[PDB]
Each structure stands twice: as C-alpha cells, then as structure tokens.
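Here's the structure, in structure tokens; my notes come after.
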Amino acid sequence: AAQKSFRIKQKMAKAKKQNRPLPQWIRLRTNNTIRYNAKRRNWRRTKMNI
Amino acid sequence: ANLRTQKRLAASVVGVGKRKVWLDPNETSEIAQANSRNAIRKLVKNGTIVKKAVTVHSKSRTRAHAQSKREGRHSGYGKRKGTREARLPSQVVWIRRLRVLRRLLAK
Amino acid sequence: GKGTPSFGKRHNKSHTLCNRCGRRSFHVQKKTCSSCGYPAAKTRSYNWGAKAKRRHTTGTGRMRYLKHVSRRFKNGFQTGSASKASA
RNA sequence: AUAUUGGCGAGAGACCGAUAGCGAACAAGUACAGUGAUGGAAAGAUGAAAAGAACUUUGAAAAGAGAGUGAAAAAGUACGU
RNA sequence: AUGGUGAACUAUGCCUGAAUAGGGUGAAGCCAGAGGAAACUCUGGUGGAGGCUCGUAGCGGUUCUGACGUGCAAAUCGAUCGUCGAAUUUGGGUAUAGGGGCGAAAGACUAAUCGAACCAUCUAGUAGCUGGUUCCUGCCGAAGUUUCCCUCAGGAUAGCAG
RNA sequence: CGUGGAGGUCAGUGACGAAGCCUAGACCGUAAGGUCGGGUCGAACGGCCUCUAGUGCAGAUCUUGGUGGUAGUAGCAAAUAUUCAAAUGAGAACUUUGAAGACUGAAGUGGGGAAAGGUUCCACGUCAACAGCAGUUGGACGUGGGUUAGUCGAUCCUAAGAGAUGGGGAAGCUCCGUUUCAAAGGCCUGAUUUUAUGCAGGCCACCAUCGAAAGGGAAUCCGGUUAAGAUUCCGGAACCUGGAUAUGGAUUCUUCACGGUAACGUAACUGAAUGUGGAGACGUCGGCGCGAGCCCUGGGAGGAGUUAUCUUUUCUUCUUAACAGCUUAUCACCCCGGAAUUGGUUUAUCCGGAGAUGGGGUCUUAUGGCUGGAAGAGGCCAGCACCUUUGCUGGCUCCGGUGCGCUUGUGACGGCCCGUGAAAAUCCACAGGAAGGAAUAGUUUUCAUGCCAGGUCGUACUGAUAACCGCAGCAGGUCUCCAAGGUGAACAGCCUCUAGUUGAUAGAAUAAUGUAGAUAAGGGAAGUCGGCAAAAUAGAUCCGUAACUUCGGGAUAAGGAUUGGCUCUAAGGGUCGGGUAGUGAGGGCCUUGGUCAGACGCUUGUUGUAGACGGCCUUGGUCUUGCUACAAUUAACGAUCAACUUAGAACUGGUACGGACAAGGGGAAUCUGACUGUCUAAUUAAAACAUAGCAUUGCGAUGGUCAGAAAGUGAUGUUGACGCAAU
RNA sequence: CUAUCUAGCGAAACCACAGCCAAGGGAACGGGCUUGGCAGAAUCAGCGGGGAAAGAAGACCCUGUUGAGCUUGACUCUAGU
RNA sequence: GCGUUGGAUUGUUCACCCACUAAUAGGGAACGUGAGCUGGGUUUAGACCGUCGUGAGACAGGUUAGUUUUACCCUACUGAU
RNA sequence: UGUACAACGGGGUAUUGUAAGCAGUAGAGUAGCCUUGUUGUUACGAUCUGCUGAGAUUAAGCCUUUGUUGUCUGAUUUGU
C-alpha cells in the first residue's frame, strides 16, 4: 500500500520466495509422491490477507 | 517484430507522447535491436524517428469572428442567452462610474 | 443499496496481525486479539470450543524444549561427559 | 488398596477398511471461506526392476504410424483390475 | 440457556479535515432629491441579507408501475425528477452491542440476517405431526366398535387375530 | 436364499493361473438364487457343521460422485467505428509498424496519490491452460532485474478517546477511577583535585503511557541519467539540528555599545532562579484591491503547413528554480500643526480636540524588481561524417500590451448567531537581578568564517466499465489536486488543440414479434380507474399582471411585441501636457582636438590592429526651468492608448432569424400537513416523523431524572430555576 | 440493434413414461381406461390454448394441550424504592 | 344465417340517464380469457378519522401510497421445406 | 458466340431548385487621398442580376439503347 510497514513487507518478501514451482529434481527423487505445488498463490485468484 | 517497447522509449527520450512518434516499417529490421535509451537516442538524430509536428488548431476564424464583434456586429437581441446582469453586472457599471467620479473630483 | 453497491464502501481494516499468534485477529479499536487474547496475560481457550483448542494445543508447533524432556528423563537427567568403551 | 479419551513407552482384537475408520492412511487443522469468534474438505495401489520409449517417417508442433522395452503396455505416468 | 465475536454496511454523538458552476429576487444600513410648518411621507442610486429561488457537480428517488427480471447487476440501466452553501455531502480516528446498542420512529439499522445479530456448546433439544423404513416361499389372518381421559388428526380397557 | 467376519472340517481351489467384470450361451430350483462354457485379468478364495452382526434394496423434495434429453439450442445486441498495406509467424477481423476514419473534449477514455492490492512494474523465451470468438498478444506461463533520503513522511506533540500505578470492589476471569484518601521526582550553581562524583545550601513539583503517515511540525532546489529509480542516483547550488575549537570584527581605565525628539536602526554589541507575554492557534459567506499560474495579443529572431486563386497568412521555440544581497505595500505608529464656512473617505459610512485633513518619517517584507545560482542549463535551427561506439564548429534563446478573463493566494473589511467557531509539544521575547569580568586583556561560540555527524523504517506499479470490494476481467460502489480554444450567463450541451484509446465476437440478408428513437391527413381525451406516456410554452429584451394575504408574497401569475446578416450613428475611459526674452544645468550634453584608464579583443618579442571610439575640458545650432515683464485667466483645450457594453438608423435575405444544442404548460378551486427538513437502505416519501411556537410536571444537590454486581463508581455536571430532566 | 442464416464459443429451468381428439364412467371438468373419430418420415420460424406448466412441504382458515412479539385489575415472582 | 352501438357517473358485476340505430336479446366455454394486458377494488406491511377496548388492538367502516417473474420444451394452431 | 448477357456511357422520365467562375454607372453606405469631383476611384460591403428555368442526382425493385470493354462449360447426382 505504498506507505507500508516493515512488518507487512517482511511478510510479502516471504511470499515472493515461496511463489515458485517445484524444481525438476524433486520429481526424480526416490519414493516421491509429490507432483505439483499445492501451495501456489497468485494475486488474482486468491488474496493473502496479510 | 514487437515494437511497443521502442515506441514507449522513443516517446520519453523525445518528450512527446506516443501519438507523435513515427517508427517506419521499411527499416524495422534494426528498430527492434534498440533495447536502450541510448540506442533510441541515436535513432532520432539521424532521421529515423521524426517528431510528427503538432496538429494545427488555427484560431483564424476566431480572430476574424472576434474582429466582427469588436466592430459592433452580432450585438442583437437574438445573439444573447443571458440576462443583462450576467453579461455585465450593474455593480461593475456602478463601480466603474464611482471610481471615475471620485478621482475626477480629487483631481 | 444494502448489497453489491455497499460492498465497495469497505476499504478499512478492523483486525490486524496479532503480535503473539499472527492470526490477524488483533482488533485495532479494542486492542484485544479475538483468537488468543493480547495483551492479556492469558491465552483464551473456552471449553465450548474444542476444535479451536485442538488447533493451538501442544503439538501444533515445534516443541523446542519438550521434545527432549522425555529423552532427558529417559536416562535420569545425567550431567557431565561420556567415557570411551572400545573401538 | 481408588480414578485417569492428557504426556511418554509398549502388547493386543470375532473392530473399520480408505464415499468405511479420527476431520486428516497422502506437503491435515493443509488448501480454502469469513473483517471475527469459527467453519474445513478432495486426494492411496504403472511395473519386479523406468527398462518409462533409442532410432525411421509424416506434421509447425502437440501427436500418429512403425520399431523397440517389458511376461503382459488391452501395465506407457489423464498408468492394478 | 451458557460462553464468546461483530458499528470496514448502516443507526447516533464527539475530535479532526475536506466539497458545494452559473442566473433570479431583493431586507437592513447608507447617500442624494422632492413635498410640507411640524410630525414625517414619497422618488432615484448603493447594499447584500435571506434554514428563498431556477438550475450543474453531489445526495436521494417520484413516475413510466419503461428496460432487465435463469440480468451488466442477490435490486442495476434510461428518460422524466426533489434539493443544492446548509437542522448540507463525506473521508479518517473514536464511543455506544444482543433481549443489548442507536433510532427527526418506519419496529427502522446493527457488515445481503433481526418486532428481536453471528458463532460454538447443552443438542442426536421435544413433537399426539408429514416421509422413508432394504430377500423368497408356506399357513392363519382383522379394525375403524364398548368405557374413561382438557379425549376427539392420541392413549388405556374390552373386542376381532396369531 | 444371500452379505462382512470367527471356531472346526474337506491334508478343499489356485500364476500351465483365484478373486472381480462382460456375456438376447447352457443347466437346476416356483422363488430368494446356485452351477457351467467363452472373453477379459492377475493374487487370493470356496463347500459343509456351528457362532457372530455396522447383513440384503427403486423412491425418505435421502448423502457423495458422475452422466443425460433439453442442446449444439437460449445467448455471446448499452458506452455513436472501423478500413488498407507490409513485417513476423505452419497457422492474422484482433500482434507490431505505416496510412487513413473516429472517440474521450482536460469535473478525461489525461496526468499523481490516500485506503486497498503485493510484484500485477521491466526484460528474455514461450501457448498445454485463463483472456465466455481467436490469437506467435497479455494484468497469463518459466526464468531474472528493479524501490538509494540530515531536508519527502513515519519518528515527536496532542484532540475525541484508550489505559497502567497508589487505591476501592469482585469467589473470580477482572470492574471503577488515572490525579482522585500514594511520604510518587529529577534537576543548575558550589565541593573538585583518594570526592569516582559524594557532600554542604539555594532550589522548582510538574505528578506513567498511548492516541490523528490530509490536525501542530527545523531544514533543499534545478539540469540530466534506467528495460524498470529518484525532491532519494550523477553534477551543480543550498539550509537546519547536535557537538569542538579557534581565526576575524564589536565591547572596554564613561569595565558589560552607540545614533535618531520618536515610532525605531546599526551583522555582533554579558547574564541565572523565578514570573509574565507572543507565535504555534485556526468559523462561514459577500464584494473590493493586489500577486502568481494559465488564457488573449503586437514587434523581431528561426523551423514546419497551404499556395487552382488570396492571405505583411497558420502552427510552433523564445524558459529560469531552492537559496542570498539591495529594494519594494496596504494596515499600524511617530514629530509639527490645529479644525464649523465641519472635513477626509471605501464598491459597501466610518473616522477626527482621547485630535483630522496636510507636511515629513518609522515599521512587518506576503508578494514583486535587479543581481548571484545561471547560461557553460534547457529549447529552436545550419555544416561536418562516423555498419559504429559519436561529437565539433557554431547562431538566437529578445522587446512588449491589455483585461469585471478562469484557477489560486493574500490584505483591509462588512453580514451571521440563545452555533462567535480546538489542545499540547515546541520556539522566542520581556521584568528581574543572582554570578562573573577590566587594558596588557577578560569576555564575545543566539556576529562573519572554519571542522565533524545526522541512526531505523517506506519509496517499484494500478488506483479502476480488466490491478480495490462485490464467488468472475460483473453497466454497481469507493476520497482528493491540475484542467485549454470557440459559441455560449455558465465547470451546461456541442466541435477541436496536448495526452490517451480505437477496447469490450464477427460476416450476409437485413421476416414477423420486440427494445430504443421518431413522423402522421380531419377531429381531438370521444380512450382510460385516472390525459398515465408523448405533446405544446420554455433562452433574451420591451409592455402588462388579478383573487387573496401573515403585506414579506402570489408574480418569469395570467397575457402580448421582437430576435438573422451587412453598412453605419450615438454613449459610456486612462495617461500626458497652463506661455514667451535674458539667464544656471541644458548632470544625453552627440558634435571638432586630444589629454591619457582611452585598456582587453581583432609564452617575451617582431611591430599589427583597433583605442569600448570612452573617464577627463570645450567658442558652440547643443524638447524641463528658480528671477523679473504682458495679466494672467476663462472657454477648457490639444496628443497617445486599449476594452467591451447599451441604445438607435437605413439596407438585405422564397417573412427566416433562442434557426443545431440548451430550455417553465397555465388558470379557477376543494381535503389535508404551516414552511426548510427526515425515515420504511431492496415494493409504501406520505396529510407519517421531525421542526419553531404553546402549556403542564419534578427538582435549591446531605437533591430531580438515569446507569452499575459491588465501589472511596458514575451521565446530566467544565452544570444552578432565563437550568436540567419528563411530557 | 435483436430476433433469422453462417464461422468460433456454448448453459440453465424442468424431466413417473411420454405427448391427436369427442363422449362415457372415474377421486363426480385424465395424454394414456372404454367406445368411436382417425392416423405416413425428417423437420423449420412464430404463437400462446393446454401439459389443472415452472418457481416455495400457502404467508388466508383450522388443528396442535407448538412458539414468538406486545398488552393488562390474568396467575406466580422479581431488580428498584 | 346475419347484426346487437357510441358516451356522462361509478373499480365496478349491477344500475340510472344522454343519443343514434332495423335493434341496442339473454347467455355458456375452470362465474371463457393475467407465462394476453391493466392493477382501478378487495387482500400483508406505512399512515389518518369515527365507534368499541383501561390497554396492546378490533371494525362488510371511510381515505391515501403500495416490486406482479420464466417458454431456448411437447402438443394444438398459423406459415415453410 | 446470341438483333445473348453484364459493366460503363448516351437519350428519355423524374426529384430539385438556379449553381462553380467571371462581369456589372446594382447595392443601405463607410474613409483615405489626387488634376479635389456636376458617377473620382480606390478597399470593404448582407445581398441582386446576366451565362444558370441551371447545377446535382436519376436506380439500387424507372424506360430504352446498333456505342466501349468484358464473359460464355466448374463440381455433384439420377434408370423400368
């Protein structure tokens, strides 16, 4: 919100790091049952609510 | 080739808006190579991007039209849509009348 | 309009992040978090809500101290160092 | 000597078998909805072993037809039956 | 019934700021002139008042009972409308909370819900009242009648039946 | 009969193949069902004697999941818009570029933000999915980059209010109050030379904390630079605060300054406790004066446009910041002087013996002017050639005018009130006199200069008929600054310049019935519950206007006459000048000589150029004047300048003229509420509520009304009968 | 501008099964029962009679020994005084 | 077989008048006809007056204001292949 | 391959209402000037007149046409 606060920004910086797909190596791991990033967050469909 | 970025950049370096920047299509081969303001800047001096000089808004009728009114034309009852006070308030006419009486007596 | 046209007049915030649990239940005007309670000296947990208590009891975090307490008593709260037996 | 669906450590059953059994056999108090107290799911089984398809051809490719792998792909990852 | 949450919507008060083209009408006060003996009275200028007025921005919405009415829309669009410098419109902070708040009152508003909020627990609340009530074959096989009951869309007793 | 499991048994069946599933193939039983054959398929299962139960299915507007007909149908129709060519691409009504045609028309479909969103910002590559058509395009996908602060804000103060102590309640979670029944604090001088900082006195008493990134607030701007940043980065130029130290100046044996009669001034020109004063600090409306930005416009220096004909034509550049020196206004005040024959004076009538008019000065410095910053900056143009990285040489960047013009700021005012329209931090000043001080120098760090530091947090983008909220990219809602030209009263409607879009599925005929615009001969409300919808007048100027009344209104009542264009007429202002002859300056003194700053400019010197043709003196023809004269005055005149407003006269147009837009139907009455106003936000805007007015009631606080579970608790009450409370 | 046709996209409401009538009886105004009339693919655009069409286990009336709001010389209590 | 009207009042069924005309006859079809229209009346909720009730409220009382939705199905009908 | 057809053009019919340009001692008049006038012309001047009873349009569902140019064989289907 332009004139933000560090508490809010520290949370947004956390969101940016976790807004990524799986690196390809994950799918090749032994006994892997994970195929997609179920925690994906986008700015259109869902809101963070800080 | 997508030239949207170049049109945006050319607008800022020249100063005028995007409606007065001219990026010809005959040599568009190297326009897309310009991915920087310095690259666009040399594209202006050589003659690639002309300034597309401003559209004329000539107030020639108005100067003649206002000339007619100053002569005493278009001053009839059918040329007026407001009361005689909206056009020229009686207060101003009174103020213009006092301030010349006050100074004349003082003079 | 009590419906859609009145849902666009809401751009303020009533609650905000709770400095103690971070659940965004800290009422601004009331200055009291509605989920745990702050800056009250006690975390609110009512017996009429059992799912809510189950969401914040021991086991939902890390247990930075109690994961070792069972192990520490598992031997008898020894202190010092270890000896050399063989190999 | 008495009680103890909480905590730890164990042994069991004419119990349930994954639309059942705890809400959750799975990154389950998770995603998500609500300004809030709160509410809250869906999701198991390719094959013994990826050996998960070299290479030929068509197509811009996605893919198809062959070939090949594999007992078997009427097992090819949108994969037991 | 118990215990908690809610005035970011709207209801009211306070603190703090912000917004309201252009015309009409014309009050005091003032100036000059005229009349008359006085009392005083008329004429002509300013003057801008006035919870006034025509009318944009804004706020509501009267009518077409128009459009739509599985819509752009859980109430919107178009025309026609009332008001528009004030018991005006509104931002932010704050205060008032459930049989309690607030109400220029309409039982109106209280975050699509209110002549009585939302959430969780008691709670699988109680129902003489509707609905459903999951395989075959064989044998027997009825009643809507007596008496009593605040009893007559129900029971108990006797009867019919196995 | 059948289903999930348990005990026993058939040494039961079985990957040369169980279970499960399919099978208008066969057999048995009346039936519940059981057996076999074939295909599919790969790990367990069956018969019998018993036991056990979460044991049977068609529906309970039954739970979960899935799929149908409807159906390839309804529909993808508001916001006046599209077309051609090339490029890319396998694949263009939609991507890009170019050329047209339009729209928003500057209360934007433009530029920035508050809340909100959180990387949507920018670059590369890319189309499985989303963009209800498509798509090599994207606010989508994968990978990366980007937010720079002593000055902008948060930080600090306090408002309405929240709330911790001491206390008092409450079994208690906690409630009351927050300065009240609390002995609640640090602070300058001196001691110094173990005193580190204690100690001996002068002292003051406030009395937690939080609470408004549009309330108060110490200090900065310009040029330029990224793919995305800037008042933050580069360059240049500032100012503020905290601190340390000197240099320079003033002060002084009249030891802590002078001048002016005075308002006051001079860069400095001692000074504590305590007290006082000012700023912060501030209602709304109306007109007037002045300033800035913009608008209009003349001359000149350049560029671009038209040029069948005409136009000394049209458009465009000509700009100057924060900060600093000098200077500048109303208002206000000071010295002389003294007033009626009362006078000054604003658009708006206030002032004057509590002392005017007049003459002379002081002050605040908003604003404005010259200069420095700063023309080496930016802008408009000509030559040079660099696949390039790019620059050099260069010219101008100048002088004006007007205005009820719009926006805005400010000043002196006037109107309004039973509303007279915030606090504190902070900063400064005055009274006071403690304390210290001279020249052999002591102060002076609120005089000039010099030195150092300014910590943390935010800075990207949207801010909306695609970035926020309405399940969605939903015609809804959301606070604010800037805003041009013309017609026109106008921020009205209509067209355009800057800027931005050209976006919301398309192609062809374009049946009915529709939605939205319209037009209809004669009559005319005969229609309908009701002229409901449409229609007419509807701008401006002149004439004229009744019943009634609370005398203010009704009333633009009702009802009549004109409106275009060309050529004219008249009226409405500003600024300057009220003489001749001799005389002094003709404070321009140009002109003739040069005297010598007459010099730069066109590494010493060669010798070449102008002296900038200018300080300094002239024998001079060189339109302001003090003196005398005629006699000085009337009539008033003459010269320049640039605005619109009003009225009138002829002519003219197939009698058209508010020619588009814009824009009141009117009158006689009746019922009822006095009026302005308010409510059933989503079917009732009303004669309903409210309002002023009137009347009644309670109450003199050890009280009246009301709250609380108590309280050493509160609301009225920061109140007092002309008040509060209930009607 | 739709409606119409075409290129692309592409639901919902509703659905015992389906859809030609007269008369009769019938739960006494059924498309299907009976008796007669009649009946020839596939369909397209309108239309509105009907399917007692759709939307909600009628907001009217009654019953229930079902409630709620309000009122009072109903009954029983109660904070306050 | 054919024709049975135009108007004032009332929401009006009804009724009474004006007038023409040859005449202004009675009726049924879910008291024909609202997915044909209108909403004038009765019929939710606002409000006023009179009577009744101590009151909240009651009245064929009188009066004013009061969102009326969907066919993109089958049949029937109107046209077409 | 036809006095065929089509597109232009021509003529007719019709709507319309008298243009573009030049010229005019037409023009309410307004002012400069020079030989200063017995129309003095220059500049402006709504409008009017003469060619202009013209100009424009004339078929998309008007009529005719020997004139110029151009076209005349693509696909599918059918038997007792």
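Ordering of the structure tokens sets the chain letters (A, B, ...), residue numbers begin anew at 1 in every chain, and ligands are numbered from 1 in the order given.
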
Within 10 Å of chain A: residues of chain D, using only C-alpha atoms (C1' of nucleotides), as a list in words: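 Filtering chain D at 10 Å from chain A with only C-alpha atoms (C1' of nucleotides) gives residues 26, 27, 30, 31 and 32 of chain D.
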
Strand (DSSP E or B) positions in chain C, given as a count of residues only: 5

All residues 10 Å or closer to residue G:32, only C-alpha atoms (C1' of nucleotides), same chain fewer than 4 positions away omitted, as a VMD selection string: chain G and resid 17 to 19

At most 10 Å to chain C: residues in chain A, only C-alpha atoms, as a list in words: residues 7, 8, 49 and 50 of chain A

Non-local contacts of residue H:21 (12 Å; only C-alpha atoms (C1' of nucleotides); under 4 positions in same chain excluded) as an NGL selection string: :H and (3-6)

Test item, alpha helix (DSSP H) assignment across chain B, answer as a ChimeraX atom specification: /B:4-14,37-45,60-71,84-87,90-106

Shell of 9 Å around residue E:75, only C-alpha atoms (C1' of nucleotides), local chain residues under 6 positions omitted, as a PyMOL selection string: (chain C and resi 1+3) or (chain F and resi 682)

Point-to-point distance in Å for atom CA of residue B:41 and atom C1' of residue F:386: 15.6 Å

Which residues of chain E come within 9 Å of chain C, and for each one, what is the closest pair of atoms and their distance in Å to one decimal, counting only C-alpha atoms (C1' of nucleotides), sorted by chain and residue number, as JSON lines?
```
{"residue": "E:3", "atom": "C1'", "partner": "C:48", "partner_atom": "CA", "distance": 7.2}
{"residue": "E:4", "atom": "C1'", "partner": "C:46", "partner_atom": "CA", "distance": 8.2}
{"residue": "E:5", "atom": "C1'", "partner": "C:34", "partner_atom": "CA", "distance": 7.3}
{"residue": "E:8", "atom": "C1'", "partner": "C:12", "partner_atom": "CA", "distance": 4.7}
{"residue": "E:9", "atom": "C1'", "partner": "C:6", "partner_atom": "CA", "distance": 6.2}
{"residue": "E:10", "atom": "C1'", "partner": "C:2", "partner_atom": "CA", "distance": 8.4}
{"residue": "E:73", "atom": "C1'", "partner": "C:4", "partner_atom": "CA", "distance": 8.4}
{"residue": "E:74", "atom": "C1'", "partner": "C:3", "partner_atom": "CA", "distance": 7.3}
{"residue": "E:75", "atom": "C1'", "partner": "C:1", "partner_atom": "CA", "distance": 8.0}
{"residue": "E:94", "atom": "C1'", "partner": "C:29", "partner_atom": "CA", "distance": 8.3}
{"residue": "E:111", "atom": "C1'", "partner": "C:7", "partner_atom": "CA", "distance": 8.9}
{"residue": "E:112", "atom": "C1'", "partner": "C:3", "partner_atom": "CA", "distance": 5.3}
{"residue": "E:120", "atom": "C1'", "partner": "C:49", "partner_atom": "CA", "distance": 5.5}
{"residue": "E:121", "atom": "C1'", "partner": "C:48", "partner_atom": "CA", "distance": 4.7}
```

Contacts of stretch 129-143 of chain E within 12 Å, only C-alpha atoms (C1' of nucleotides), excl. fewer than 4 positions in-chain, as a PyMOL selection string: (chain E and resi 153-154+159-162) or (chain F and resi 1-3+29-33+55-62) or (chain G and resi 57+63-64+66)

Residue contacts of stretch 568-581 of chain F (10 Å, only C-alpha atoms (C1' of nucleotides)) excluding same-chain residues fewer than 5 positions away, as a list in words: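 Contacts, in chain order: residues 72, 93, 96, 97 and 100 of chain B; 629, 630, 633, 638, 639, 640, 641, 642, 643, 645, 646, 647, 648, 649 and 650 of chain F; 28, 29 and 30 of chain I.
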
Contact set, chain B to chain E: 9 Å, only C-alpha atoms (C1' of nucleotides), as a VMD selection string: chain B and resid 82 to 83 85 to 86 91 94

Dump N, CA and C atoms for the selected residues as a compact mmCIF listing (two decimals), in the first residue's frame?
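Final file, part.txt:
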```txt
# COMPACT_ATOMS: atom_id res chain seq x y z
N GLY B 82 -28.33 35.25 -21.92
CA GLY B 82 -28.36 35.54 -20.51
C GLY B 82 -28.87 36.95 -20.24
N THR B 83 -29.23 37.17 -18.97
CA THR B 83 -29.77 38.46 -18.56
C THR B 83 -28.71 39.55 -18.70
N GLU B 85 -27.54 41.42 -16.53
CA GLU B 85 -26.62 41.45 -15.40
C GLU B 85 -25.59 40.34 -15.45
N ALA B 86 -25.94 39.18 -16.00
CA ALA B 86 -24.95 38.12 -16.18
C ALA B 86 -23.85 38.55 -17.15
N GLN B 91 -23.38 46.31 -10.83
CA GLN B 91 -22.41 46.70 -9.82
C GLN B 91 -21.11 47.18 -10.46
N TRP B 94 -21.66 50.46 -11.95
CA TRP B 94 -21.68 51.46 -10.89
C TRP B 94 -20.28 51.71 -10.34
```

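With only C-alpha atoms (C1' of nucleotides) as the basis for measurement, F:116 is the residue among F:385, F:53, F:116, F:460 that approaches chain C most closely.
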
For atom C1' of residue I:54 and atom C1' of residue I:19, the interatomic separation in Å (one decimal):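 Result for atom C1' of residue I:54 versus atom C1' of residue I:19: 6.8 Å, one decimal.
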